[PDB]
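The structure under discussion appears below in the form of structure tokens.
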Ligand SMILES: Nc1nc2c(ncn2[C@@H]2O[C@H](COP(=O)(O)OP(=O)(O)O)[C@@H](O)[C@H]2O)c(=O)[nH]1
Ligand SMILES: Nc1nc2c(ncn2[C@@H]2O[C@H](COP(=O)(O)OP(=O)(O)O)[C@@H](O)[C@H]2O)c(=O)[nH]1
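Residue numbers (the deposited numbering), protein chains in the order written: chain B, 1 to 44, 47 to 360, 369 to 441; chain F, 1 to 44, 47 to 360, 369 to 441; chain D, 262 to 292, 305 to 313.
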């Protein structure tokens, strides 16, 4: 029954992974003990995608929790829903990665990886028909970045015919001052380009700017940043968790969204944007929903969608609304904004509508775009990487772990190639 | 024209190799400058087997001189024929192998091997039709044993379809007190069993006993020991160096002598045994030569031929003598001593007669026997090896070079297997 | 910056808790046979 295995690695991966489970649990009527208490049958129809049914009619997330930082286990277990997670699915080390990709990928991470693979093997074999995997992690640290990409690679060896999907948090010096974050992110992107089928680019630069400029928060905290992350993750997974026709599984989503294998980095967006504690006085109209979710101020990646073209788009509308009005509005943005949509992929914008809205909203909309403007995110990381790399800055922290400088050169070149490929398709014409 | 490439490694290999060249150059009428001044066309007919013809009608040995020990190049170059050798064919290193097989095979020897391979490649390609290779070396030291067996293995990779022949000096505590010699010899035998086509076992135990008991030398020197070595090497290479019907090349010798690939360790014998400076008052008769070359007191390996069976024998008579009398004597020793000859290899004793005798002798005889009694030599080494190996004695000198203890176990087991194979054929019947 | 620190009296021999000086770090960051004919 199309099961997904969820994996959360590192401090960021576990923080956003926990919020994902707290949020989707509420939507499905599942309390922290695993009991169901809802009104709608749509809540449990596809509960199997993310939850295992344990004895006593309980539901337990098909989630594996990983971190080299031992202290992460306590913070996850102490969360509102820490009780729901399978105890044996918590795999924690004693020595962290110290913001070092090489430690997470090659040394401390490699020491712990077989313990994680044992637990993913067990969840995977228990599946009636496994779809693939979903990894939440950051790219700026050491565990989520290095060990997360090591896990992806090992999982790909045993399950090569399954979808590998990630929620990858991109670093921004606006939220983190760690000097080596561009190194860790470039090394991770190199891995993601080769080994994932679809990746959602949750950019800390866009999240900080949404909180500061749009939500008017003088100093956004990780809670503020993560409110946007969970709201995004709920929206982008709605099609997988509820009964529907379009993009109902990770494979059908990838066939619709990815025309060229490497070009699988999605720009997520949502509407209405809200802060924690902001009440909704009235529901947005379908034209407000459609206009806002396509707005650059609503994107979760710091890229201007009007600086590129949309290869493909998935629009998900949640709540009770007119489908005729939705269709009209979706045709309206494409006909009015025709120059930001590739003309050589006919009917590249697919729209789904789910009757169940998210918490505190009567109407909402989530956007998923595969845009050539995503090169703005990669160019920003590449520039930061190059500034340090030309000075051979901080390399001993990586080569001291056994790494070769040639790996940095290879990763830089691969990400720069990815950027040229987006530009090639942006300039392509339907001759 | 059936060329042989000669290689001499280590202090023993270079000492024995220089004596080989001094002896066969005298037999072929070649002086230390490479000029010919002989009295028989038989001396020049097959000169090409061991000598290259340089410009100016000069003859130069197709010999490569190798050592890791500092100071050895001068002693070789200063020898009676040191100037006949090709200057570029001398490969002498700075750091010796310190009686350590691991140092000669894996570390210092491996650092010098490509320089030797360059020079063997050049001699080999210059060959109109290369037969194979001849290596002189000891098994008890570090260079001849370790580096000699490394050379054999590398030469086998480039020239796998060529004959690999060695004159391997076995160690005896009667002539050397080095504690690790059984280790070096066992590690070398393991290599020889797999990688040579034919090996002449020149045993220092037999050489010392011949000098002490037969020649009546209270304290045999290496010169005394090598006087027997040179006499043997001259005799066993006669068929290769002079015109004849039998065993005229290394390959035809192997087809006649080796029924089973691993059983290629020969026990050489020669008559008459003499010391340096001992004049021959009268030439021996054909029955005296036949009786003596087959006698245990005339064997160059410390094995009793009446404790095993002869798989194959090559007898070479040198001098002017009756061929009818030689044939009669060869049939008589086989019919009188029928129980020491395998009955399942019909006509296994081949006899050649060369008109040219060795220096200072009117008549001589050389014996090459592939006898199952050679297991006495291997058992003696195995017992010495085991006494130290069970105590894990001196292993750090070998494992300190990167070696694994498992390689000692593998070598011991292989040599013990070789001994069981000789015993199996010793007990075989023509049922 | 290494230069201005040195001109303001920075100790070049100063080792970190890993036993490394500042120049050891920059070096860490930075990443045959000879035929001799001898007469005898
Ligand atoms: N959005 C978000 N980013 C986070 C969070 N925690 C850490 N990060 C980012 O992740 C990076 C550091 O990686 P982290 O997950 O702390 O390291 P790891 O434990 O070694 O995987 C930096 O770019 C942080 O700004 C979080 O809760 N939310
Ligand atoms: N017959 C004989 N044995 C020798 C001679 N020189 C050394 N050996 C033996 O060879 C062994 C030592 O090996 P050696 O050739 O000296 O060492 P290498 O230079 O490391 O190869 C001991 O068993 C010695 O008795 C020699 O001139 N004649």
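All C-beta atoms in this analysis are idealised placements derived from N, C-alpha and C, irrespective of residue type, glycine included.
{"query": "So residue 217 of chain F packs on residue 277 of chain F, CB below 8 Å; how close in whole Å?", "result": "4 Å"}
{"query": "Taking the straight line between their C-alpha atoms, what separation do you get for residue 129 of chain F and residue 30 of chain F?", "result": "21 Å"}
{"query": "Among B/72, B/79, B/259, which one has its Cα closest to the Cα of residue 99 of chain B?", "result": "B/72"}
{"query": "Using 9 Å as the limit for Cβ to Cβ distance, is residue 75 of chain F near chain D?", "result": "yes"}
{"query": "Less than 9 Å separating the beta-carbons of residue 397 of chain F and residue 184 of chain F?", "result": "yes"}
{"query": "Say the cut is 8 Å; is the CB of residue 232 of chain B nearer than that to a heavy atom of ligand 1?", "result": "no"}
{"query": "Cα separation between residue 340 of chain B and residue 433 of chain B?", "result": "18 Å"}
{"query": "Which residue comes first and which comes last in the alpha helix (DSSP H) that contains residue 395 of chain F?", "result": "385-399"}
{"query": "Helix, strand or coil for residue 195 of chain F per DSSP?", "result": "helix"}
{"query": "Can you tell which of B/40, B/35, B/288 has the C-alpha that lies nearest to the C-alpha of residue 53 of chain B?", "result": "B/35"}
{"query": "Check whether the segment 301-314 of chain B and the segment 340-353 of chain B touch, using three or more Cβ-Cβ pairs below 8 Å as the test.", "result": "yes"}
{"query": "Between which two residues does the alpha helix (DSSP H) holding residue 130 of chain F run?", "result": "Run containing residue 130 of chain F: none; DSSP gives neither H nor E here."}
{"query": "Might you give, ordered along the chain, the residues of its own chain that have their beta carbon closer than 8 Å to the beta carbon of residue 42 of chain F, omitting 5 neighbours on each side?", "result": "244, 245, 357, 358"}
{"query": "Got a sec: does ligand 2 put a non-hydrogen atom nearer than 8 Å to the Cβ of residue 262 of chain D?", "result": "no"}
{"query": "Threshold first: 3 residues or longer. Then list the beta strand (DSSP E) segments lying entirely within the segment 80-107 of chain B, N to C.", "result": "92-94"}
{"query": "Can you check which of these residues, F/177, F/178, F/344, is closest to residue 308 of chain F by C-alpha distance?", "result": "F/344"}
{"query": "Output yes or no for whether 9 Å exceeds the beta carbon distance between residue 110 of chain F and residue 166 of chain F.", "result": "no"}
{"query": "Would residue 308 of chain D pass as an interface residue toward chain F - the criterion being a Cβ-Cβ separation below 9 Å?", "result": "yes"}
{"query": "Residue 282 of chain D and residue 275 of chain D look like a contact to me (Cβ under 8 Å); what is the Cβ gap, rounded to whole Å?", "result": "6 Å"}
{"query": "With 16 as the cutoff for other CB atoms within 10 Å, does residue 406 of chain F come out buried or exposed?", "result": "exposed"}
{"query": "Return the bridge partner residues of residue 137 of chain B from the DSSP annotation.", "result": "B/7, B/168"}
{"query": "Under 9 Å, Cβ to Cβ, is there at least one residue of chain B near residue 292 of chain D?", "result": "yes"}
{"query": "From which residue to which residue does the beta strand (DSSP E) around residue 415 of chain F run?", "result": "No beta strand (DSSP E) holds residue 415 of chain F; the alpha helix (DSSP H) holding it covers 415-437."}
{"query": "Which of the three DSSP states, helix, strand or coil, is assigned to residue 66 of chain F?", "result": "strand"}
{"query": "Could you spell out where the alpha helix (DSSP H) holding residue 284 of chain D opens and where it closes?", "result": "283-291"}
{"query": "Taking the alpha helix (DSSP H) that residue 55 of chain F falls in, what are its first and last residues?", "result": "Run containing residue 55 of chain F: none in the alpha helix (DSSP H); it sits in the beta strand (DSSP E), 53-56."}
{"query": "What residue from B/409, B/211, B/419 has the CA that sits closest to residue 108 of chain B's CA?", "result": "B/409"}
{"query": "Residue 30 of chain F: beta carbon under 8 Å from a heavy atom of ligand 2?", "result": "no"}
{"query": "With hydrogens ignored, establish whether the beta-carbon of residue 308 of chain D is closer than 8 Å to any heavy atom of ligand 1.", "result": "no"}
{"query": "With respect to the beta strand (DSSP E) encompassing residue 313 of chain B, which residues constitute its N-terminal and C-terminal limits?", "result": "312-321"}
{"query": "Counting pairs of beta carbons, one from the segment 169-183 of chain B and one from the segment 74-92 of chain B, are three or more of them closer than 8 Å?", "result": "no"}
{"query": "Kindly indicate which residue of F/195, F/259, F/241, F/230 has the alpha-carbon position closest to the one of residue 211 of chain F.", "result": "F/230"}
{"query": "Could you tell me the distance, in whole angstroms, from the CA atom of residue 318 of chain F to the CA atom of residue 426 of chain F?", "result": "32 Å"}
{"query": "So if DSSP puts residue 202 of chain B in a beta bridge, which residue, or which two residues, is it bridged to?", "result": "B/169, B/268"}
{"query": "Do you know how far the Cα of residue 302 of chain F is from the Cα of residue 82 of chain F?", "result": "25 Å"}
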